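Cβ placement follows ideal geometry from the backbone for every residue including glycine, while neighbour counts extend to all protein chains displayed. No lab work stands behind these numbers, since they all come straight from the coordinates.
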Ligand SMILES: CCNC(=O)[C@H]1O[C@@H](n2cnc3c(N)nc(NCCc4ccc(CCC(=O)O)cc4)nc32)[C@H](O)[C@@H]1O
Ligand SMILES: CCCCCCCC/C=C/CCCCCCCC(=O)OC[C@@H](O)CO
């Protein structure tokens, strides 16, 4: 429907603007050019690609255009790769924060500039590995829905391009949900809990205040991640566990897809926005750089 399209396009607009703003800030401000903010930048970059590429492809995938099955499958896989890199590089921020607060004596030695770039390379490789798996044969292209293609006015040699028609639900539940949503979530939760509880126990005051700040920033990332990603993936479980049941309605599918993309506007933007150094650099960019 047209409401889904517009909202989805508005999300794409917000995700580019905010995440360019994050990247711009690190580029200009010398005080922000540390290892931590490289994970912030990488995640922001992955978000820009979600806005420019993933979301327009996702709309098509969710509304339906005519295409060859493997071309239709390729576009779906592309959405998966880009949204996943968005997830993994955000997880890299959380892990960085764990090593910073809990193991400071090994932080600079362990999380070097070289290994930070290595970590981000691993994120993209995992994203391609997981995202493109259906291209290897774990897909529904062997049984094209020829009756649906007709109703959609698709030519022969083409199918109606719909995500769930080509990407199997067993892949989405057993592989994608586990590797991309559940594991990162639970990891980010475990990192948050440890920092949170350790900070409460001590409650010198400067290190403690930092620890509280980190906890609340990690709570927001985890809270929003779960809010944005769980609804869609939980729905995916329901479809998989009862494929005979009547499908979750179109409006619910759309809202859930929309929520998952909203993650790219809020993560890691709010994290950065909560660092006062970023917050003042943002104001500097708007007030001074663009306005004069
Ligand atoms: C790495 C993780 N990324 C993702 O999950 C990304 O993939 C996409 N997506 C993940 N599941 C899904 C998923 N079930 N359906 C779709 N679209 C198709 C929507 C749709 C479903 C069913 C029906 C028939 C309804 C009926 O019988 O009456 C019509 C449209 N996209 C997904 C999202 O864009 C997400 O951001
Ligand atoms: C933390 C990451 C988790 C990794 C575990 C991933 C492995 C899980 C294994 C699941 C068993 C299912 C594999 C079954 C492979 C099925 C491939 C196929 O021929 O297509 C069937 C589909 O078209 C049906 O819709």
key: Theoretical FRET efficiency, 1/(1+(r/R0)^6), r = Cβ-Cβ of residue 108 and residue 20, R0 25 Å, to 0.05   = 0.25
task = Quick one: divide the alpha-carbon radius of gyration of the chain by 2.2 N^0.38 Å and tell me what you get.
result = 1.09
ask   = Dividing the convex hull volume of the alpha carbon atoms of region 11-101 by its residue count, what do you get in Å³ per residue?
value = 94
query = Relative to the compact globular guide of 2.2 N^0.38 Å, what is the alpha carbon radius of gyration of region 219-292, as a ratio?
reply = 1.63
remark   = Long-range alpha-carbon pairs in region 170-271, meaning those over 17 Å apart, account in percent for 61
query = What length, rounded to one decimal in nm, is gained on full extension from residue 200 through to residue 1, with 0.36 nm per residue of separation minus their alpha-carbon distance?
reply = 66.8 nm
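Of all the C-alpha pairs in region 47-175, what % are more than 18 Å from each other?
61
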note = Quarter of the surface of the C-alpha convex hull for region 111-175, i.e. direction-averaged projected area in nm², equals 6.3
key: Order of 277, 164 - criterion: other Cβ atoms within 10 Å of each residue's Cβ, fewest first   = 277, 164
